[PDB]
Amino acid sequence: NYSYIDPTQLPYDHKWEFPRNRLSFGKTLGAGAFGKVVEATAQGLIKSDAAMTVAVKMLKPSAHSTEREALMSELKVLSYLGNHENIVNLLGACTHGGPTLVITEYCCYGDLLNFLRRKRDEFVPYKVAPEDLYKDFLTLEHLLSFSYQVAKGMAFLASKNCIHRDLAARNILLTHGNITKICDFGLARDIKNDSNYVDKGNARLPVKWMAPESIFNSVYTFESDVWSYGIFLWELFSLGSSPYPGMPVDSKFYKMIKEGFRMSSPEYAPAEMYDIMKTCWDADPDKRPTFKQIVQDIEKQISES
Ligand SMILES: CCn1cc(CC(=O)Nc2ccc(Oc3ncnc4cc(OC)c(OC)cc34)cc2)cn1
């Protein structure tokens, strides 16, 4: 489940322990076969007696030993990572006197994929009007900033020897001040009813975001996360369109990927962003850029713009 690090060997700092009786649950934000993410109010988490809204990940009674272990492993990884501005941050946990509860920060605008889809008809490639500034129009400047923030968060993950394995716009959250945060819905996503996940063997996998070595050899590395970032760039500069449009995942798809077929630039991508996508999609993982190199490339593009 984790390539370089074994999360079962990672420690859990008991400084994160929070009393479960101080949590009041609200609506369900997302749910899978064995897990769910719920909106909650945490009392006494702030130094003053002020309450705050949090997100809580938990298992359903349908979960088995495998899922119980996986939620505990997620908690250890989050505790091990520490705080980063471009990653969804750990706030606390409930490990004693009941099922395990993982408490993370609430992101007011939800997932990036749905945000892009809602903003599709309110997109401005050029500059926003001073009077129409209240309307909240999405611009090319916002898209370049989102690409930069996601590369930054990914460079941090790699420096900690962490591989995501499911990088996509659906696993990026949007909060205040146009801040994006890398996340992983994991067990709280209904993968059975999501057409972006395909039946391949005994698994349901996100094939259209996967590097060839992950599809044909089950290998996940720093370089395979870079390929998925390239697919995420295509989603972003297409304003949330599905990748490889009009093409189903079948024998013909696997053959074309192996033979070197690649998507052409999405409608709103600057040429230098499409240049990044092409290198992320190199058949040789050694020829792909690192997330650090991607960060430096986008940094130059922003300064020039
Ligand atoms: C990259 C390292 N890493 C982090 C993890 C843990 C993790 O990412 N868990 C996670 C993911 C998504 C969650 O869902 C939401 N959280 C906050 N706010 C939301 C707001 C929402 O709508 C307004 C909403 O709608 C559907 C969902 C929201 C909650 C927890 C694993 N690996």
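Each residue's number is its place along the chain shown, starting with 1.
For all residues, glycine too, the Cβ spot is worked out from N, Cα and C.
The active site, proton acceptor annotation in Swiss-Prot covers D166. Around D166 (active site, proton acceptor), the C-beta neighbours below 8 angstroms that are at least 6 residues distant in the chain are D184, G186, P206, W209, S228. In the three-state DSSP classification, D166 (active site, proton acceptor) falls within coil.
The annotation Mg(2+) binding site is assigned in Swiss-Prot to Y2, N171, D184. The local packing around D184 (Mg(2+) binding site), expressed as other Cβ atoms within 10 Å of its Cβ over all shown chains, amounts to 18.
As annotated by Swiss-Prot, ATP binding site applies to 30-37, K57, 105-111, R170. Other Cβ atoms within 10 Å of the Cβ of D111 (ATP binding site) number 20 in total over all chains.
For the linker (122-144), same-chain residues at least 6 beyond its ends with a Cβ under 8 Å from one of its own Cβ atoms are 116, 178, 236-237, 239, 268, 270, 273, 298, 301-302, 305. The PDB entry lists 122-144 with the feature linker.
Annotation comment: Swiss-Prot describes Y2 (among others) as phosphotyrosine, evidence class experimental evidence. According to its DSSP assignment, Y2 (Mg(2+) binding site) is coil.
Residue environment of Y4 (phosphotyrosine) contains 12 other Cβ atoms, counted within 10 Å of its Cβ in all protein chains. Under the heading phosphotyrosine, Swiss-Prot lists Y4 (among others).
According to Swiss-Prot, the phosphoserine annotation covers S195 (among others). Under the three-state DSSP scheme, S195 (phosphoserine) falls in the coil class. Around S195 (phosphoserine), there are no C-beta neighbours below 8 angstroms that are at least 6 residues distant in the chain.
Shown in sequence order, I191, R204, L205, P206 are the residues of the chain, 6+ apart in sequence, with a C-beta less than 8 angstroms from the C-beta of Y197 (phosphotyrosine). Annotated phosphotyrosine per Swiss-Prot: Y197 (among others), in sequence order, evidence recorded as experimental evidence.
Annotated phosphoserine per Swiss-Prot: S265 (among others), in sequence order. Shown in sequence order, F237, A271, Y274, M277 are the residues of the chain, 6+ apart in sequence, with a C-beta less than 8 angstroms from the C-beta of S265 (phosphoserine).
Per Swiss-Prot, the feature phosphotyrosine maps to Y274 (among others); the stated evidence is experimental evidence. A helical conformation is recorded for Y274 (phosphotyrosine) in the three-state DSSP classification.
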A33, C108 as binding-site residues, winner by CB count within 10 A:
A33
Cβ neighbour count within 10 Å of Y2 (Mg(2+) binding site):
15
Of the binding-site residues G30, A33, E105, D111, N171, which one sits closest to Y4 (phosphotyrosine) when you measure Cα to Cα?
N171
Return only the integer: C-alpha distance in Å from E105 (ATP binding site) to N171 (Mg(2+) binding site).
15
